[PDB]
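Just below is one structure, and these are the notes that go with it.
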Amino acid sequence: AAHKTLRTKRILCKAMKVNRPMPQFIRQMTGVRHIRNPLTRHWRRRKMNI
Amino acid sequence: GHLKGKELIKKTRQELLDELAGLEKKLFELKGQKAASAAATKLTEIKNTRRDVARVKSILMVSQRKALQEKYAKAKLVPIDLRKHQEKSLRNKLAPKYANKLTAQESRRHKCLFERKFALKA
Amino acid sequence: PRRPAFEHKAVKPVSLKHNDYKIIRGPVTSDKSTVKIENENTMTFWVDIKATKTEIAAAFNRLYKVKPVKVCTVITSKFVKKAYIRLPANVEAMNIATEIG
Amino acid sequence: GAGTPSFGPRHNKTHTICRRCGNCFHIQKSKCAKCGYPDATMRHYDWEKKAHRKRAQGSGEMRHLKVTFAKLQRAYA
RNA sequence: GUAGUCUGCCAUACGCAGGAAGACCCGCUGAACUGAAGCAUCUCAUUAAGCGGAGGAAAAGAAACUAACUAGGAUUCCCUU
RNA sequence: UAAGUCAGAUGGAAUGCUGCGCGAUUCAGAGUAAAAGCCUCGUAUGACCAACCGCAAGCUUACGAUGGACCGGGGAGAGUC
RNA sequence: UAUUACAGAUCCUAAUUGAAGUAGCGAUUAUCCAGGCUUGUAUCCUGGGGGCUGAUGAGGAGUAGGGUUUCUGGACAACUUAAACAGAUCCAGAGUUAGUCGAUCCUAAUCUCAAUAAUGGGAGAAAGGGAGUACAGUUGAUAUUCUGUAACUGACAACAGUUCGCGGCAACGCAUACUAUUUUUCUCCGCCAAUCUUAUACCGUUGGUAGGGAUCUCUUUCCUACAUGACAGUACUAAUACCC
RNA sequence: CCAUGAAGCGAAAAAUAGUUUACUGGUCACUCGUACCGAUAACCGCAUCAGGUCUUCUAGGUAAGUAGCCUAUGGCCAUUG
RNA sequence: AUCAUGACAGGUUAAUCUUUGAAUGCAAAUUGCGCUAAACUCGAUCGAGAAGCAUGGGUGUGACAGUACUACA
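Residue numbers (the authors' numbering), protein chains in the order written: chain l, 2 to 51; chain h, 2 to 123; chain X, 38 to 138; chain j, 2 to 24, 26 to 79.
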């Protein structure tokens, strides 16, 4: 960046909208506990390698 | 409100197309207002009208296909859409008449040498 | 020259599909768009990602019956297209926005 | 010499995303190491029988193929 | 010049080939560790990996076959030899 | 598709404990607030009524097919063994 | 009937001691005082001292790479060798606007298909080639992209008015088409050294007027400010090259 | 200089044929990138690592100076008491 | 939504079937660069979308090339 391609930009979009906390209502629905979002990361710690 | 797939079959093609566009318009206005107003009840109305616009598209397409198959049925080399699905293997496997057909030597002897029934006495 | 013996694909589709209603998804609700409506007479919309400015200008005209002056086209970090549509001097952008709501 | 200081100028990318694999497509050599694109046949060897069955059928959706298993249950039961 | 043929190349109408999977099956190619208390023939082995190709099974198959008898009679597999 | 949500005490809950009944072509198994032949699904076993009920190939009465004997014949896979 | 008895294998996996409140808390200019906000600040902000960096700057901006770290609001279980209301941390929202900047288009080193009835086609540079934009303003984050104002380049249309070739001895000037072939030019090119000169910066002699700083004494002083874009025009001054 | 220092697309010109009248003065401009860092904590070194990594705009004084030393604009007290 | 104009997390079959991939209009670290008789569908004669267009080989059909063979001039 800048000067990213479009299909590069498509991946970086999907990588940041997927990065969030898990919703509250799944724990209320299924009753499971201790499920983490796997595709959470931090930009500084883990690099994507894409 | 929402409407059944049975009773749409009776209606005309052009009657469905004006029904379609009017039904699809009220989808677009609700997608505008879900940003502003949001909230319950609207979010079931947007669900139903998405299901209904499929209902109209679906029965148009089977109304087309049953009519349009009758045009090309009972005729050589039909279109690819109107051919039946099948497997790759089953198409290329030749029809069992050709596999099983008899040579002019073989058929003429099969006049006499067929697989006849028989039995024994007690 | 070429001329096939039958149509290959006989079934034509039921409607346009790539429609005026499905180009323009709907308006964007932010604090930036609120200022650009009032000040510059300039709307904002979420758009289909393959839609051109020529497609948007015609599609905006067919729905709301106002021919736009300019269209300027972002693709966001959310990977959906945003279209800043300037209306002409006569119409007010608040008056078009109140109809939609 | 060969450690921390010489890690500094490591900014170029040897491999890039591959279309068929989507995973290690060599830019200079232009071949997907993992899948062999663009060779028409897809890369696997019998010495990597472990790593192959991560890629091979079953791993993905099987949209067309799962309904053709399900027919053969009904016909023989 | 025209009217047949022969040979070549191009364009087009209609169905076919490719890719997946590969335990089993068919055809090639082909090691070494190892054993021989060393090692070179030999062995591991006409095996592993590699290349090419099939089917629900494949391949084989109707005598230029055994036998030496008081004679058997396509191919395949199991027991024994 | 059989036969006790039996009675009494204990318990948050009875399928266990004590005592009396009943089923079985069904005591395989599971569910049920606790260990269940009889609380529920089943299991067992015959009875019941709908759906079909067709694809090619060959037939079908004699100089039509097939075979034996006798008369008169031809040939049997080449850069292959 | 057996995956049948453990203290050792620098055994395997999992948890845990002493050493130990010990070693140590580095490198980077330097902190101090009064206020604000708070249960709570030397640390977060304001004001005032004292300092540092000292135009190859911890200044303002970009390739490659990172990918939301940017911006506003709220939050302190953890992290940022103590503290913390702070933060590149956590949470919720928001943000990247182009005919003129780039990519796209051309080829280079180089790579890859096809034909041989052929004499090639395609790929390959976000530092090479390459038509065309400037100022001012505006947002919490965007600007040569938005708004205002002024340009410019290309392609596709008809339509109105002019015009059917002349000047200079010459160097050359002024209003003139299209297709094709060939020929030439621009694009267009190493490194080093010297002289002359616009623009920008800086230092200057001459004054000046606006505001601010300084003052026991001295200083008609000291500091800041004194500016005009792309684009389009036609005067004569005066240059060097080359030609008549 | 025993070194002689890209190509191609594109554009204009000229010559020789042939066909000729020309010149000046409304609409539209697709596609994709655009935030911020650029080492000083945002890149590579497992990390907010005294390391490493291409370039740009470049003030005054001292001095031969793009040295060292001091200071406006800009940025800062990075550093437990 | 209830003795049905038939609820939905049920099970098939048929539609719809985004960008890709053998990937196939020519390419590709690019949302780059094409082409088309009618019909189709909006668009008001003429634009656009929709849908076409790969290589190899088979049979047919047509066209071109040849001082290849031959007859009649």
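Beta carbons: idealized from backbone N, C-alpha and C, even for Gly.
Strand pairing of residue i, partner residues [DSSP]
i                 : result
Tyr-121 (chain X) : X:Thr-81 and X:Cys-109
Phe-27 (chain j)  : j:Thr-17 and j:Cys-34
Where the alpha helix (DSSP H) containing residue i begins and where it ends
i                 : result
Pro-97 (chain h)  : 97-101
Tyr-47 (chain j)  : Careful: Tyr-47 (chain j) lies outside any alpha helix (DSSP H) and carries neither H nor E.
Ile-74 (chain X)  : 68-75
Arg-45 (chain l)  : Note, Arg-45 (chain l): premise wrong, no alpha helix (DSSP H); not H, not E.
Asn-49 (chain h)  : 43-73
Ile-133 (chain X) : 130-137
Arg-28 (chain l)  : 26-31
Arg-21 (chain l)  : Taken as a continuous stretch (DSSP letters only), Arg-21 (chain l) belongs to no alpha helix (DSSP H), as it is neither H nor E.
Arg-92 (chain h)  : 89-93
Three-state class that DSSP yields for residue i in the structure shown
i                 : result
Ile-60 (chain X)  : helix
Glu-107 (chain h) : helix
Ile-51 (chain l)  : coil
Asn-98 (chain X)  : helix
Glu-63 (chain j)  : coil
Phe-43 (chain X)  : coil
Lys-27 (chain h)  : helix
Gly-9 (chain j)   : coil
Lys-51 (chain j)  : helix
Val-69 (chain j)  : helix
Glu-116 (chain h) : coil
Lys-77 (chain h)  : coil
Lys-54 (chain X)  : coil
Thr-9 (chain l)   : helix
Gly-2 (chain j)   : coil
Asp-82 (chain h)  : coil
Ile-93 (chain X)  : helix
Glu-20 (chain h)  : helix
Residues near residue i in its chain [Cβ-Cβ closer than 7 angstroms; skip 5 each side]
i                : result
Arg-8 (chain l)  : none
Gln-70 (chain h) : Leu-83
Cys-34 (chain j) : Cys-19, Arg-21, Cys-22, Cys-26 and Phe-27
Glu-92 (chain X) : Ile-60
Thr-17 (chain j) : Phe-27 and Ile-29
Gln-87 (chain h) : none
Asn-49 (chain h) : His-3
Span separating the alpha-carbon of residue i from that of residue j
i                 : j                 : result
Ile-122 (chain X) : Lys-27 (chain h)  : 23 angstroms
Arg-42 (chain l)  : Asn-20 (chain l)  : 7 angstroms
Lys-89 (chain h)  : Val-79 (chain h)  : 18 angstroms
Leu-103 (chain h) : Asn-93 (chain h)  : 21 angstroms
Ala-42 (chain X)  : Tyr-73 (chain h)  : 13 angstroms
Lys-35 (chain h)  : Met-62 (chain h)  : 31 angstroms
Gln-15 (chain h)  : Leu-100 (chain X) : 22 angstroms
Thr-31 (chain l)  : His-4 (chain l)   : 44 angstroms
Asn-78 (chain X)  : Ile-36 (chain l)  : 48 angstroms
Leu-24 (chain h)  : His-55 (chain X)  : 17 angstroms
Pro-39 (chain l)  : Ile-112 (chain X) : 27 angstroms
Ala-96 (chain X)  : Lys-90 (chain X)  : 10 angstroms
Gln-29 (chain l)  : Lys-51 (chain j)  : 42 angstroms
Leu-44 (chain h)  : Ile-27 (chain l)  : 20 angstroms
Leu-124 (chain X) : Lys-104 (chain X) : 7 angstroms
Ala-58 (chain j)  : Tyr-39 (chain j)  : 15 angstroms
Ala-16 (chain l)  : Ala-76 (chain h)  : 54 angstroms
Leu-67 (chain j)  : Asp-85 (chain X)  : 32 angstroms
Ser-59 (chain h)  : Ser-70 (chain X)  : 39 angstroms
Beta-carbon proximity list for residue i, same chain, < 8 angstroms, skipping 5 on both sides
i                : result
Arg-52 (chain h) : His-3
Close-in-space but distant-in-sequence residues of the same chain around residue i (CB under 6 angstroms, 5 per side omitted)
i                 : result
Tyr-58 (chain X)  : none
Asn-101 (chain h) : none
Distance cut-off 6 angstroms: residue i Cβ against heavy atoms of the ligand MN
i               : result
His-4 (chain l) : This structure lacks the ligand MN; in fact it carries no ligand of any kind.
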